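Colleague: The structure follows.
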Amino acid sequence: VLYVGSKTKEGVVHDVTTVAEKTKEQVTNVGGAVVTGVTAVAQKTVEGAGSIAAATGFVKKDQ
Amino acid sequence: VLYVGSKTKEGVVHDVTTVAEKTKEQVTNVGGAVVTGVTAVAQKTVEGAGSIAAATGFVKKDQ
Amino acid sequence: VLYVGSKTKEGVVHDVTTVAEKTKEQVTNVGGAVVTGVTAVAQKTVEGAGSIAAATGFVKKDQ
Amino acid sequence: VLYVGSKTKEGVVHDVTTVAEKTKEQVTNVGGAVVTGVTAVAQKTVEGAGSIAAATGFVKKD
Amino acid sequence: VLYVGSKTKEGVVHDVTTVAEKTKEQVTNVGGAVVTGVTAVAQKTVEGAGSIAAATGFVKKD
Amino acid sequence: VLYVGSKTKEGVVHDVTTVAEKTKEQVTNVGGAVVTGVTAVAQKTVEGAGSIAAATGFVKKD
């Protein structure tokens, strides 16, 4: 691997705006998962079998 | 691999705007998963068998 | 691996704005998980089998 | 009269959500009644001859 | 009259949410009644002949 | 009359949330009643002939 004057952006996240208003949120959960917020993952490598890279709102009931 | 003066953007995410308003959200969950928010994943590599790269609102009841 | 004058941004996150207002949030949880806030993960490497890189709102009831 | 393991909800009011924007008003009243806002009466019993339960913007020039 | 393991909710009011913006008002009243705001009466019993339970913006020039 | 293991809620008011912005007002009243704010009456019993339970913006020129 050789980079020579090579401006690079390997695996990034940027410029992520969010606006809400008057969001009268009622939420009720029982045993489950709820995700309502901004999430920003940025990885270069996730190696290994059985991996779970960057889940969100995940539920796992493996027997 | 040789990059020579090569402006690169391998695996990126950017410029993601979001606006809501008056969103009178009621949510009820039982055992499941709900996802209502902004999600931004950006990976360069996810290696390995059985992998789950960047799930969202996932449910897994493997026996 | 050889970098030579190569401005690099391997695995980053930036410029993530968020605005809320009057968000009369009621939340009720029983045994589960709720995520409503800003999350920003940025990794270069997550190695190893069975890994869980950057979960959010995760639920795991493995038997 | 008896309840067992029950969930009664006699005479309630809830989740009455209201939103008003720039309601630029010029209310002029003379001798009458003007009602312009939220109102949530919630009762169980009114027992009387000639009574008035839950009036709103009422005029009784009897 | 008896309750067992019950959850009664006789005569309640709740979660009455209100929002008003720039409601630039010019209220002018003469001898009458103007009601412009939130109101949440919540009763159980009113027992009287000729009574008035939960009036609002009432005018009784009887 | 008897309760056992119960959860009674006779005559309540709650979670009455209000928001008002820049409500630039010019209220002018003469002899009448102007009501412009939150109000939360919560009673259980009113027993009297000719009574008035929970008036608001009332005018009784009887």
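As shown in the structure tokens, the chain order sets the letters A, B, ...; within each chain, residues go from 1, and ligands are also counted from 1 in the order they appear.
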Quick one: superpose chain F onto chain E using all C-alpha atoms paired in order, least squares, and give it to me as a PDB file with C-alpha atoms, in the first residue's frame.
Modeller:
```
ATOM      1  CA  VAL F   1     -71.043  -0.360  47.145  1.00  0.00           C
ATOM      2  CA  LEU F   2     -67.580  -1.905  47.272  1.00  0.00           C
ATOM      3  CA  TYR F   3     -64.459  -2.136  45.111  1.00  0.00           C
ATOM      4  CA  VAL F   4     -61.899  -4.957  45.051  1.00  0.00           C
ATOM      5  CA  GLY F   5     -58.568  -4.852  43.219  1.00  0.00           C
ATOM      6  CA  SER F   6     -60.055  -2.175  40.969  1.00  0.00           C
ATOM      7  CA  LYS F   7     -58.676   0.974  39.328  1.00  0.00           C
ATOM      8  CA  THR F   8     -61.440   3.584  39.193  1.00  0.00           C
ATOM      9  CA  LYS F   9     -60.997   6.951  37.482  1.00  0.00           C
ATOM     10  CA  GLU F  10     -64.241   8.796  38.212  1.00  0.00           C
ATOM     11  CA  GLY F  11     -64.268  12.410  37.069  1.00  0.00           C
ATOM     12  CA  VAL F  12     -60.702  13.205  36.031  1.00  0.00           C
ATOM     13  CA  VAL F  13     -58.963  15.388  33.460  1.00  0.00           C
ATOM     14  CA  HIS F  14     -55.425  14.865  32.269  1.00  0.00           C
ATOM     15  CA  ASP F  15     -52.852  15.309  29.528  1.00  0.00           C
ATOM     16  CA  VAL F  16     -54.681  18.428  28.372  1.00  0.00           C
ATOM     17  CA  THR F  17     -51.808  19.981  26.427  1.00  0.00           C
ATOM     18  CA  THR F  18     -52.148  23.420  24.872  1.00  0.00           C
ATOM     19  CA  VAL F  19     -49.870  25.601  22.748  1.00  0.00           C
ATOM     20  CA  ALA F  20     -50.601  29.125  21.544  1.00  0.00           C
ATOM     21  CA  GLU F  21     -48.305  31.359  19.509  1.00  0.00           C
ATOM     22  CA  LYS F  22     -48.262  35.150  19.028  1.00  0.00           C
ATOM     23  CA  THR F  23     -51.990  35.237  19.704  1.00  0.00           C
ATOM     24  CA  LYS F  24     -51.911  39.021  19.480  1.00  0.00           C
ATOM     25  CA  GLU F  25     -55.248  39.853  21.068  1.00  0.00           C
ATOM     26  CA  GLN F  26     -57.236  43.029  21.618  1.00  0.00           C
ATOM     27  CA  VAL F  27     -60.078  41.985  23.900  1.00  0.00           C
ATOM     28  CA  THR F  28     -62.777  44.549  24.621  1.00  0.00           C
ATOM     29  CA  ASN F  29     -65.586  43.650  26.986  1.00  0.00           C
ATOM     30  CA  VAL F  30     -68.576  45.545  28.361  1.00  0.00           C
ATOM     31  CA  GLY F  31     -70.838  43.826  30.857  1.00  0.00           C
ATOM     32  CA  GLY F  32     -70.129  40.426  29.334  1.00  0.00           C
ATOM     33  CA  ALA F  33     -67.725  37.547  29.810  1.00  0.00           C
ATOM     34  CA  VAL F  34     -64.729  36.695  27.636  1.00  0.00           C
ATOM     35  CA  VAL F  35     -62.844  33.466  28.328  1.00  0.00           C
ATOM     36  CA  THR F  36     -59.660  32.949  26.355  1.00  0.00           C
ATOM     37  CA  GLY F  37     -57.569  30.475  28.354  1.00  0.00           C
ATOM     38  CA  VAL F  38     -57.335  26.836  29.321  1.00  0.00           C
ATOM     39  CA  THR F  39     -59.896  25.536  31.799  1.00  0.00           C
ATOM     40  CA  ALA F  40     -60.174  22.067  33.302  1.00  0.00           C
ATOM     41  CA  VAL F  41     -63.089  21.490  35.662  1.00  0.00           C
ATOM     42  CA  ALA F  42     -63.214  17.961  37.066  1.00  0.00           C
ATOM     43  CA  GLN F  43     -65.920  17.005  39.525  1.00  0.00           C
ATOM     44  CA  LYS F  44     -67.697  13.969  40.879  1.00  0.00           C
ATOM     45  CA  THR F  45     -71.031  15.152  42.252  1.00  0.00           C
ATOM     46  CA  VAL F  46     -73.227  18.252  42.219  1.00  0.00           C
ATOM     47  CA  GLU F  47     -76.620  17.738  43.860  1.00  0.00           C
ATOM     48  CA  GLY F  48     -78.793  20.822  44.183  1.00  0.00           C
ATOM     49  CA  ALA F  49     -81.967  22.081  42.593  1.00  0.00           C
ATOM     50  CA  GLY F  50     -81.261  25.036  40.347  1.00  0.00           C
ATOM     51  CA  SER F  51     -77.501  24.680  40.745  1.00  0.00           C
ATOM     52  CA  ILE F  52     -74.890  25.374  38.069  1.00  0.00           C
ATOM     53  CA  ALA F  53     -71.987  22.939  37.787  1.00  0.00           C
ATOM     54  CA  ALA F  54     -69.026  24.080  35.676  1.00  0.00           C
ATOM     55  CA  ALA F  55     -70.102  27.274  33.993  1.00  0.00           C
ATOM     56  CA  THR F  56     -67.598  29.088  31.780  1.00  0.00           C
ATOM     57  CA  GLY F  57     -68.279  32.342  30.006  1.00  0.00           C
ATOM     58  CA  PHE F  58     -71.670  32.453  31.688  1.00  0.00           C
ATOM     59  CA  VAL F  59     -74.030  35.436  31.785  1.00  0.00           C
ATOM     60  CA  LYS F  60     -77.120  35.177  33.995  1.00  0.00           C
ATOM     61  CA  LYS F  61     -79.070  38.432  33.712  1.00  0.00           C
ATOM     62  CA  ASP F  62     -82.130  36.622  35.080  1.00  0.00           C
TER      63      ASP F  62
END
```
Colleague: Compile the contact shell of residue 25 in chain C as a list in words: residues with an atom at most 12 Å away, counting only C-alpha atoms, same-chain residues fewer than 3 positions apart removed.
Modeller: residues 21, 22, 23, 24, 25, 26, 27, 28 and 36 of chain A; 23, 24, 25, 26 and 27 of chain B; 20, 21, 22, 28 and 36 of chain C
Colleague: Which distance in Å separates CA of residue 58 in chain A and CA of residue 33 in chain C, to one decimal?
Modeller: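 According to the coordinates, CA of residue 58 in chain A and CA of residue 33 in chain C are separated by 9.8 Å.
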Colleague: Please identify all polymer residues within 7 Å of residue 52 in chain C, counting only C-alpha atoms, omitting same-chain residues fewer than 3 positions from it, and present them as a PDB file with C-alpha atoms, in the first residue's frame.
Modeller:
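Result file follows (result_35.pdb):
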```
ATOM      1  CA  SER A  51     -19.480 -10.004  14.009  1.00  0.00           C
ATOM      2  CA  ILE A  52     -22.309  -7.486  14.303  1.00  0.00           C
ATOM      3  CA  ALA A  53     -21.000  -4.161  13.013  1.00  0.00           C
TER       4      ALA A  53
ATOM      5  CA  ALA C  55     -24.408  -1.249  19.092  1.00  0.00           C
TER       6      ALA C  55
END
```
Colleague: Please extract the residues of chain D with a backbone DSSP assignment of strand (DSSP E or B) and present them as a list in words.
Modeller: residues 2, 3, 4, 12, 13, 14, 17, 18, 19, 20, 21, 25, 28, 29, 30, 33, 34, 35, 42, 45, 46, 52, 53, 58 and 59 of chain D
Colleague: Just the selected residues (N, CA and C atoms), exported as a short mmCIF file (atom, residue, chain, number, x, y, z; two decimals), in the first residue's frame, please.
Modeller:
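This is the output file out_18.cif:
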```
data_model
loop_
_atom_site.label_atom_id
_atom_site.label_comp_id
_atom_site.auth_asym_id
_atom_site.auth_seq_id
_atom_site.Cartn_x
_atom_site.Cartn_y
_atom_site.Cartn_z
N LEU D 2 -70.80 -3.53 42.85
CA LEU D 2 -69.46 -3.93 43.28
C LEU D 2 -68.61 -4.24 42.06
N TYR D 3 -67.34 -3.87 42.14
CA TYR D 3 -66.35 -4.10 41.09
C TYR D 3 -65.32 -5.10 41.59
N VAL D 4 -64.80 -5.91 40.67
CA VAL D 4 -63.75 -6.88 41.00
C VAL D 4 -62.75 -6.89 39.85
N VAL D 12 -64.20 10.82 32.16
CA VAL D 12 -62.86 11.37 32.12
C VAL D 12 -62.70 12.17 30.84
N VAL D 13 -61.59 12.90 30.76
CA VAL D 13 -61.16 13.60 29.56
C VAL D 13 -59.65 13.51 29.52
N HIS D 14 -59.08 13.12 28.39
CA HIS D 14 -57.63 13.14 28.35
C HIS D 14 -57.11 13.25 26.92
N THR D 17 -55.25 17.55 22.96
CA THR D 17 -54.11 18.35 22.53
C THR D 17 -54.61 19.45 21.60
N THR D 18 -54.11 20.66 21.81
CA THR D 18 -54.51 21.80 21.00
C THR D 18 -53.28 22.57 20.58
N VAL D 19 -53.33 23.16 19.40
CA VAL D 19 -52.27 24.03 18.88
C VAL D 19 -52.94 25.16 18.12
N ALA D 20 -52.55 26.39 18.42
CA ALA D 20 -53.06 27.55 17.71
C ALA D 20 -51.89 28.45 17.35
N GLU D 21 -51.89 28.98 16.14
CA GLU D 21 -50.81 29.83 15.68
C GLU D 21 -51.34 31.18 15.23
N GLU D 25 -56.44 38.09 17.06
CA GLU D 25 -57.86 38.22 17.35
C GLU D 25 -58.17 39.64 17.77
N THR D 28 -64.64 41.69 20.45
CA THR D 28 -65.43 42.78 20.99
C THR D 28 -66.74 42.21 21.48
N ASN D 29 -67.04 42.41 22.75
CA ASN D 29 -68.21 41.82 23.36
C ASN D 29 -69.00 42.90 24.07
N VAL D 30 -70.32 42.77 24.05
CA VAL D 30 -71.22 43.66 24.77
C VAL D 30 -72.35 42.81 25.33
N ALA D 33 -71.32 36.55 25.71
CA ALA D 33 -70.25 35.66 26.14
C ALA D 33 -69.46 35.18 24.94
N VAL D 34 -68.15 35.37 24.97
CA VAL D 34 -67.26 34.87 23.95
C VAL D 34 -66.29 33.91 24.61
N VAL D 35 -66.21 32.69 24.08
CA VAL D 35 -65.32 31.66 24.60
C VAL D 35 -64.41 31.23 23.47
N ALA D 42 -65.37 17.53 33.05
CA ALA D 42 -65.43 16.08 33.21
C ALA D 42 -66.12 15.81 34.53
N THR D 45 -71.77 13.06 38.07
CA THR D 45 -73.18 13.12 38.42
C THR D 45 -73.59 14.56 38.64
N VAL D 46 -74.76 14.93 38.12
CA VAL D 46 -75.42 16.19 38.42
C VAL D 46 -76.90 15.91 38.56
N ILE D 52 -77.94 23.14 35.58
CA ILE D 52 -77.20 23.32 34.34
C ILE D 52 -75.83 22.71 34.57
N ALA D 53 -75.57 21.57 33.95
CA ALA D 53 -74.27 20.93 34.02
C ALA D 53 -73.47 21.29 32.78
N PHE D 58 -72.70 30.55 27.69
CA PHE D 58 -74.12 30.50 28.00
C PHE D 58 -74.61 31.91 28.26
N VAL D 59 -75.83 32.20 27.83
CA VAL D 59 -76.52 33.45 28.14
C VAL D 59 -77.93 33.11 28.57
#
```
Colleague: Quick one: pull the distance between CA of residue 41 in chain C and CA of residue 46 in chain B, Å, one decimal.
Modeller: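 One can read the CA of residue 41 in chain C to CA of residue 46 in chain B distance as 15.8 Å.
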Colleague: Kindly give the distance, in Å, that separates CA of residue 4 in chain B and CA of residue 4 in chain A, rounded to a single decimal.
Modeller: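 Between CA of residue 4 in chain B and CA of residue 4 in chain A the gap is 4.9 Å.
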